[PDB]
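Asks: Quick one: the structure is below, and I'll ask about it shortly.
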2 protein chains.
Amino acid sequence: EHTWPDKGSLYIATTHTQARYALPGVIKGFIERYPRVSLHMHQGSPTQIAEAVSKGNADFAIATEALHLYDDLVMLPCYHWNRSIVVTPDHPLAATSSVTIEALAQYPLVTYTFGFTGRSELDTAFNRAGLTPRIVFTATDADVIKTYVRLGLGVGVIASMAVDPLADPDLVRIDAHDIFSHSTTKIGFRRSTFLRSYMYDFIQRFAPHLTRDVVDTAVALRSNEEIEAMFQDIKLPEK
Amino acid sequence: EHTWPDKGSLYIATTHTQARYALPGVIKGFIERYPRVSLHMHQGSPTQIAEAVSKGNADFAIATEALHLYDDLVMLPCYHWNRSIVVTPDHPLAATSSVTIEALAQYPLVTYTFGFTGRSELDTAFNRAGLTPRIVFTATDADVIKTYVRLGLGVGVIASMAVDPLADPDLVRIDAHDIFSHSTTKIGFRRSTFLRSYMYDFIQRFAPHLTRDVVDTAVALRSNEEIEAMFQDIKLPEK
């Protein structure tokens with residue numbers, strides 16, 4: 001067992017979060033599975049990634065943000081995720097594991113810029129609590145964010161997948177699923193895309209519940225709204 | 001002792017390269033030097049960074065790319081840099097040291113998207129050699145790029161500053177200053193910006209040759225062209 005002779009190309013347009021933290025395993029299995037498939041990848045903001053699929057320069061958009069604004073794409077939920085706050089060992093917050101949004105708003109924040117990786121969930125949580133957060137660094141990825149938390153610039157709020165006990169052993173990782181709604185990373189493609197079989201394999205490798213029949217059903221409805229509703233009774237993986 | 005009472009804010013808008021690899025030292029010295037200065041930072045593409053300064057949302061743009069296209073900013077050369085190709089130990093290129101541009105064009109390339117971190121230097125080198133490069137991953141930062149070189153997707157070409165023997169010990173780092181022109185990281189700001197003294201200190205910390213008198217002279221010429229010409233007889237640091 002290993003190798004399929006399938007011949008074609010696969011153009012993935014995605015973001016730093018996905019590429020760094022969610023895709024390497026899938027991408028490695030894929031390339032070893034499909035020696036005759038030309039894999040191309042492109043990194044960008046969620047909006048550029050979406051534009052790229054919509055303009056026809058990529059097959060699939062994978063991101064949390066922006067994707068829903070392009071109903072010329074069919075969107076498929078892949079997983080749910082939430083944030084951690086992250087601080088150096090000596091920070092005041094390092095002492096608890098009890099994170100009120102009012103406690104957090106006391107601190108200067110290193111997080112994502114508007115339009116990136118669940119930022120809208122953070123604004124929502126602060127706005128509905130009345131609060132106005134003090135964000136001193138609006139970054140576009142979590143490698144930058146963790147760097148400047150490490151320098152003592154402020155309190156990090158990143159995707160939980162962006163921190164690992166072995167990779168980032170010098171950071172204290174406090175869970176924040178209490179104070180923020182979860183975010184949903186989706187995959188998008190044009191309806192006019194002929195879905196090769198290596199594509200179905202890719203989609204399902206990334207999101208197990210997105211089997212061919214689920215995908216085809218989803219593709220048939222002329223509504224992203226209906227597609228979201230289709231998964232309402234299904235669990236989703238969480239990263 | 002150590003500390004200046006200066007009150008004010010400093011808004012820096014920059015990129016992943018700078019923030020990850022060129023700024024942390026400077027930023028740390030600065031914050032400990034200026035307790036009453038509010039440091040703000042924003043990360044983005046070179047173009048968004050430049051727009052940010054031009055629209056007035058940041059004091060300084062620091063990037064290699066795009067900055068020169070905004071002559072409503074004064075641009076100051078900070079340093080020169082060049083690329084390395086990077087591969088896993090087992091790659092064919094790992095054997096030499098190494099590098100004809102014709103040898104490199106034989107391989108699938110993991111590098112920066114057009115518009116990022118000296119990409120235009122790479123295209124230039126290939127185009128003038130007649131060659132057409134096979135780029136399988138167009139990324140926006142070197143963390144992503146190094147990840148997918150590590151998975152064997154292809155041959156990395158990054159900024160030399162983005163690879164370190166201790167941080168990336170599992171990568172073979174071949175020098176490519178022979179085949180590519182150098183790139184120049186610049187700092188930009190509006191003429192209408194009152195340059196506080198903490199600002200001159202920052203500028204000079206980042207680029208020693210950009211002393212106050214050099215900066216003021218540069219600022220007085222109405223020409224970025226003339227400013228570039230001003231440094232024509234000076235060495236520049238290399239990162």
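Residue numbering restarts at 1 in every chain; chains get A, B, ... in the order shown in the structure tokens, and ligands count up from 1 in that same order.
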Please tabulate, as JSON lines, the residues of chain B that come within 6 Å of chain A, each with its closest pair of atoms and the distance in Å to one decimal, counting only C-alpha atoms and ordering rows by chain, then residue number upward.

Replies:
```
{"residue": "B:40", "atom": "CA", "partner": "A:136", "partner_atom": "CA", "distance": 5.0}
{"residue": "B:41", "atom": "CA", "partner": "A:137", "partner_atom": "CA", "distance": 4.6}
{"residue": "B:42", "atom": "CA", "partner": "A:138", "partner_atom": "CA", "distance": 4.9}
{"residue": "B:43", "atom": "CA", "partner": "A:139", "partner_atom": "CA", "distance": 4.7}
{"residue": "B:136", "atom": "CA", "partner": "A:40", "partner_atom": "CA", "distance": 4.7}
{"residue": "B:137", "atom": "CA", "partner": "A:41", "partner_atom": "CA", "distance": 4.5}
{"residue": "B:138", "atom": "CA", "partner": "A:42", "partner_atom": "CA", "distance": 4.8}
{"residue": "B:139", "atom": "CA", "partner": "A:43", "partner_atom": "CA", "distance": 4.7}
{"residue": "B:140", "atom": "CA", "partner": "A:43", "partner_atom": "CA", "distance": 5.9}
{"residue": "B:144", "atom": "CA", "partner": "A:20", "partner_atom": "CA", "distance": 5.9}
```

Asks: Give me every strand (DSSP E or B) residue in region 31-132 of chain B, going by DSSP on the backbone, as JSON, numbers by chain.

Replies: {"B": [37, 38, 39, 40, 41, 42, 43, 60, 61, 62, 63, 74, 75, 76, 77, 78, 79, 80, 81, 83, 84, 85, 86, 87, 108, 109, 110, 111, 112]}

Asks: Which neighbours of residue 46 (chain B) fall inside 8 Å, counting only C-alpha atoms, when residues of the same chain fewer than 3 positions from it are skipped, and could you give them as a PyMOL selection string?

Replies: chain B and resi 14-15+49-50+63-67+115-116

Asks: Neighbouring residues of residue 222 (chain B) were defined as those with any atom within 12 Å, considering only C-alpha atoms; residues of the same chain fewer than 4 positions away were excluded. Please report them as a ChimeraX atom specification.

Replies: /B:71-75,190-191,216-218,226-228

Asks: Extract, using only C-alpha atoms, all DNA, RNA and protein residues at most 9 Å from region 78-86 of chain B, discarding same-chain residues fewer than 3 positions from it, and format them as a PDB file with N, CA and C atoms, in the first residue's frame.

Replies:
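New file selection.pdb:
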```pdb
ATOM      1  N   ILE B  62       8.643  50.373   8.400  1.00  0.00           N
ATOM      2  CA  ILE B  62       9.928  49.715   8.211  1.00  0.00           C
ATOM      3  C   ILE B  62       9.693  48.434   7.403  1.00  0.00           C
ATOM      4  N   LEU B  93      21.194  19.668  -3.259  1.00  0.00           N
ATOM      5  CA  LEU B  93      21.912  20.930  -3.161  1.00  0.00           C
ATOM      6  C   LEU B  93      22.715  21.012  -1.866  1.00  0.00           C
ATOM      7  N   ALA B  94      22.347  20.182  -0.891  1.00  0.00           N
ATOM      8  CA  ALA B  94      23.060  20.109   0.381  1.00  0.00           C
ATOM      9  C   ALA B  94      24.520  19.715   0.191  1.00  0.00           C
ATOM     10  N   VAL B  99      26.160  27.302  -5.895  1.00  0.00           N
ATOM     11  CA  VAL B  99      24.942  27.864  -6.408  1.00  0.00           C
ATOM     12  C   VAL B  99      24.994  28.594  -7.693  1.00  0.00           C
ATOM     13  N   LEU B 104      19.837  26.140  -9.543  1.00  0.00           N
ATOM     14  CA  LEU B 104      18.708  26.370  -8.639  1.00  0.00           C
ATOM     15  C   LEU B 104      17.364  26.230  -9.355  1.00  0.00           C
ATOM     16  N   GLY B 118      11.937  41.156  -0.825  1.00  0.00           N
ATOM     17  CA  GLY B 118      12.949  40.989  -1.855  1.00  0.00           C
ATOM     18  C   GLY B 118      12.576  40.008  -2.958  1.00  0.00           C
ATOM     19  N   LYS B 146      10.043  27.887   6.016  1.00  0.00           N
ATOM     20  CA  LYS B 146      10.928  26.910   6.625  1.00  0.00           C
ATOM     21  C   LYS B 146      10.186  25.655   7.019  1.00  0.00           C
ATOM     22  N   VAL B 149       9.757  23.537   3.799  1.00  0.00           N
ATOM     23  CA  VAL B 149      11.032  22.998   3.371  1.00  0.00           C
ATOM     24  C   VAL B 149      11.319  21.798   4.270  1.00  0.00           C
ATOM     25  N   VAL B 155      12.721  23.545  -2.301  1.00  0.00           N
ATOM     26  CA  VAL B 155      13.919  24.307  -1.946  1.00  0.00           C
ATOM     27  C   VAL B 155      13.592  25.719  -1.456  1.00  0.00           C
ATOM     28  N   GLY B 156      13.988  26.017  -0.226  1.00  0.00           N
ATOM     29  CA  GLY B 156      13.726  27.327   0.338  1.00  0.00           C
ATOM     30  C   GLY B 156      14.678  28.408  -0.114  1.00  0.00           C
ATOM     31  N   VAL B 157      14.128  29.555  -0.488  1.00  0.00           N
ATOM     32  CA  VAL B 157      14.938  30.758  -0.607  1.00  0.00           C
ATOM     33  C   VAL B 157      14.345  31.845   0.294  1.00  0.00           C
ATOM     34  N   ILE B 158      15.079  32.169   1.365  1.00  0.00           N
ATOM     35  CA  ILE B 158      14.664  33.156   2.380  1.00  0.00           C
ATOM     36  C   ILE B 158      15.715  34.239   2.624  1.00  0.00           C
ATOM     37  N   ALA B 159      15.378  35.212   3.466  1.00  0.00           N
ATOM     38  CA  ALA B 159      16.377  36.190   3.900  1.00  0.00           C
ATOM     39  C   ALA B 159      17.326  35.455   4.830  1.00  0.00           C
ATOM     40  N   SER B 160      18.616  35.747   4.688  1.00  0.00           N
ATOM     41  CA  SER B 160      19.648  35.059   5.459  1.00  0.00           C
ATOM     42  C   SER B 160      19.418  35.245   6.945  1.00  0.00           C
ATOM     43  N   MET B 161      18.950  36.436   7.310  1.00  0.00           N
ATOM     44  CA  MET B 161      18.583  36.717   8.702  1.00  0.00           C
ATOM     45  C   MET B 161      17.501  35.797   9.272  1.00  0.00           C
ATOM     46  N   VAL B 163      17.318  32.588   9.053  1.00  0.00           N
ATOM     47  CA  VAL B 163      17.850  31.290   9.452  1.00  0.00           C
ATOM     48  C   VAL B 163      19.002  31.432  10.412  1.00  0.00           C
ATOM     49  N   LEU B 171      18.486  22.520   9.243  1.00  0.00           N
ATOM     50  CA  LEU B 171      18.460  23.004   7.865  1.00  0.00           C
ATOM     51  C   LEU B 171      19.846  23.341   7.359  1.00  0.00           C
ATOM     52  N   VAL B 172      20.123  22.966   6.116  1.00  0.00           N
ATOM     53  CA  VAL B 172      21.380  23.316   5.473  1.00  0.00           C
ATOM     54  C   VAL B 172      21.201  24.656   4.793  1.00  0.00           C
ATOM     55  N   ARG B 173      22.071  25.598   5.132  1.00  0.00           N
ATOM     56  CA  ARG B 173      21.914  26.977   4.706  1.00  0.00           C
ATOM     57  C   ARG B 173      23.004  27.362   3.701  1.00  0.00           C
ATOM     58  N   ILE B 174      22.655  27.381   2.416  1.00  0.00           N
ATOM     59  CA  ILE B 174      23.613  27.721   1.367  1.00  0.00           C
ATOM     60  C   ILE B 174      23.543  29.206   0.991  1.00  0.00           C
ATOM     61  N   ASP B 175      24.698  29.832   0.801  1.00  0.00           N
ATOM     62  CA  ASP B 175      24.750  31.261   0.506  1.00  0.00           C
ATOM     63  C   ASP B 175      24.501  31.576  -0.954  1.00  0.00           C
ATOM     64  N   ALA B 176      23.711  32.617  -1.189  1.00  0.00           N
ATOM     65  CA  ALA B 176      23.215  32.941  -2.514  1.00  0.00           C
ATOM     66  C   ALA B 176      23.470  34.392  -2.922  1.00  0.00           C
ATOM     67  N   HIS B 177      24.363  35.067  -2.209  1.00  0.00           N
ATOM     68  CA  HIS B 177      24.696  36.449  -2.552  1.00  0.00           C
ATOM     69  C   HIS B 177      25.342  36.582  -3.944  1.00  0.00           C
ATOM     70  N   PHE B 180      21.940  36.588  -6.439  1.00  0.00           N
ATOM     71  CA  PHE B 180      20.937  37.627  -6.277  1.00  0.00           C
ATOM     72  C   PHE B 180      21.566  38.944  -5.901  1.00  0.00           C
ATOM     73  N   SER B 181      21.038  40.028  -6.466  1.00  0.00           N
ATOM     74  CA  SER B 181      21.313  41.366  -5.954  1.00  0.00           C
ATOM     75  C   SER B 181      20.866  41.444  -4.487  1.00  0.00           C
ATOM     76  N   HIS B 182      21.503  42.327  -3.721  1.00  0.00           N
ATOM     77  CA  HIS B 182      21.085  42.553  -2.341  1.00  0.00           C
ATOM     78  C   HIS B 182      19.760  43.309  -2.300  1.00  0.00           C
ATOM     79  N   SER B 183      19.103  43.268  -1.152  1.00  0.00           N
ATOM     80  CA  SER B 183      17.898  44.065  -0.966  1.00  0.00           C
ATOM     81  C   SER B 183      18.129  45.071   0.140  1.00  0.00           C
ATOM     82  N   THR B 184      17.324  46.120   0.150  1.00  0.00           N
ATOM     83  CA  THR B 184      17.529  47.181   1.116  1.00  0.00           C
ATOM     84  C   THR B 184      16.283  47.465   1.919  1.00  0.00           C
ATOM     85  N   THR B 185      16.379  47.230   3.228  1.00  0.00           N
ATOM     86  CA  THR B 185      15.317  47.541   4.192  1.00  0.00           C
ATOM     87  C   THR B 185      15.371  49.015   4.547  1.00  0.00           C
ATOM     88  N   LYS B 186      14.266  49.719   4.344  1.00  0.00           N
ATOM     89  CA  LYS B 186      14.231  51.141   4.609  1.00  0.00           C
ATOM     90  C   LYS B 186      13.219  51.505   5.696  1.00  0.00           C
ATOM     91  N   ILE B 187      13.366  52.707   6.242  1.00  0.00           N
ATOM     92  CA  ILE B 187      12.394  53.254   7.175  1.00  0.00           C
ATOM     93  C   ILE B 187      11.776  54.526   6.596  1.00  0.00           C
ATOM     94  N   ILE B 203      15.528  55.458  15.543  1.00  0.00           N
ATOM     95  CA  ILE B 203      16.090  55.435  14.215  1.00  0.00           C
ATOM     96  C   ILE B 203      17.564  55.061  14.216  1.00  0.00           C
ATOM     97  N   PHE B 206      18.456  51.554  15.287  1.00  0.00           N
ATOM     98  CA  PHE B 206      18.106  50.565  14.274  1.00  0.00           C
ATOM     99  C   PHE B 206      19.110  50.636  13.137  1.00  0.00           C
ATOM    100  N   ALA B 207      19.497  51.872  12.800  1.00  0.00           N
ATOM    101  CA  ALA B 207      20.467  52.173  11.739  1.00  0.00           C
ATOM    102  C   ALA B 207      21.462  53.242  12.221  1.00  0.00           C
ATOM    103  N   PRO B 208      22.618  52.804  12.756  1.00  0.00           N
ATOM    104  CA  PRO B 208      23.609  53.681  13.405  1.00  0.00           C
ATOM    105  C   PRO B 208      23.990  54.904  12.569  1.00  0.00           C
ATOM    106  N   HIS B 209      24.084  54.727  11.262  1.00  0.00           N
ATOM    107  CA  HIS B 209      24.409  55.823  10.370  1.00  0.00           C
ATOM    108  C   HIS B 209      23.299  56.861  10.248  1.00  0.00           C
ATOM    109  N   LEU B 210      22.098  56.537  10.689  1.00  0.00           N
ATOM    110  CA  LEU B 210      21.044  57.532  10.600  1.00  0.00           C
ATOM    111  C   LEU B 210      20.995  58.394  11.877  1.00  0.00           C
ATOM    112  N   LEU B 236      26.864  50.438   4.312  1.00  0.00           N
ATOM    113  CA  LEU B 236      25.633  50.242   5.062  1.00  0.00           C
ATOM    114  C   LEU B 236      25.794  48.962   5.830  1.00  0.00           C
ATOM    115  N   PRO B 237      25.108  48.829   6.969  1.00  0.00           N
ATOM    116  CA  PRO B 237      25.246  47.546   7.658  1.00  0.00           C
ATOM    117  C   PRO B 237      24.615  46.442   6.804  1.00  0.00           C
ATOM    118  N   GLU B 238      24.976  45.187   7.063  1.00  0.00           N
ATOM    119  CA  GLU B 238      24.399  44.053   6.345  1.00  0.00           C
ATOM    120  C   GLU B 238      23.860  43.023   7.323  1.00  0.00           C
ATOM    121  N   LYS B 239      22.594  42.643   7.140  1.00  0.00           N
ATOM    122  CA  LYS B 239      21.942  41.635   7.977  1.00  0.00           C
ATOM    123  C   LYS B 239      21.599  40.418   7.118  1.00  0.00           C
TER     124      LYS B 239
END
```

Asks: Compile the contact shell of residue 229 (chain B) as a list in words: residues with an atom at most 12 Å away, counting only C-alpha atoms, same-chain residues fewer than 5 positions apart removed.

Replies: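 Once the nearby chain positions are removed, what remains is residues 75, 76, 77, 218, 221, 223, 224 and 234 of chain B.
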
Asks: I'd like the contact shell of residue 35 (chain A) - 10 Å cut-off, only C-alpha atoms, skipping same-chain residues fewer than 4 positions apart - returned as a VMD selection string.

Replies: chain A and resid 3 to 7 30 to 31 39

Asks: For the selection you just gave me, I'd like the residues written to a file as a PDB file, in the first residue's frame, keeping N, CA and C atoms.

Replies:
```pdb
ATOM      1  N   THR A   3       0.647   4.301  -3.154  1.00  0.00           N
ATOM      2  CA  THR A   3       0.724   5.395  -4.125  1.00  0.00           C
ATOM      3  C   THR A   3      -0.281   5.378  -5.272  1.00  0.00           C
ATOM      4  N   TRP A   4      -0.896   6.521  -5.559  1.00  0.00           N
ATOM      5  CA  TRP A   4      -1.883   6.623  -6.629  1.00  0.00           C
ATOM      6  C   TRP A   4      -1.316   7.392  -7.813  1.00  0.00           C
ATOM      7  N   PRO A   5      -1.627   6.929  -9.026  1.00  0.00           N
ATOM      8  CA  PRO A   5      -1.035   7.495 -10.235  1.00  0.00           C
ATOM      9  C   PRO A   5      -1.723   8.780 -10.695  1.00  0.00           C
ATOM     10  N   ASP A   6      -2.736   9.234  -9.956  1.00  0.00           N
ATOM     11  CA  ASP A   6      -3.504  10.421 -10.344  1.00  0.00           C
ATOM     12  C   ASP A   6      -2.652  11.626 -10.767  1.00  0.00           C
ATOM     13  N   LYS A   7      -3.065  12.238 -11.869  1.00  0.00           N
ATOM     14  CA  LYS A   7      -2.332  13.303 -12.503  1.00  0.00           C
ATOM     15  C   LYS A   7      -3.225  14.537 -12.582  1.00  0.00           C
ATOM     16  N   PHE A  30      -0.335  14.016   1.756  1.00  0.00           N
ATOM     17  CA  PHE A  30      -0.855  14.201   0.423  1.00  0.00           C
ATOM     18  C   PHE A  30       0.221  14.052  -0.627  1.00  0.00           C
ATOM     19  N   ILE A  31       1.334  14.738  -0.420  1.00  0.00           N
ATOM     20  CA  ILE A  31       2.392  14.728  -1.408  1.00  0.00           C
ATOM     21  C   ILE A  31       2.981  13.342  -1.611  1.00  0.00           C
ATOM     22  N   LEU A  39       1.232  19.933  -6.384  1.00  0.00           N
ATOM     23  CA  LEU A  39       0.737  20.756  -5.300  1.00  0.00           C
ATOM     24  C   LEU A  39       1.297  22.196  -5.377  1.00  0.00           C
TER      25      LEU A  39
END
```
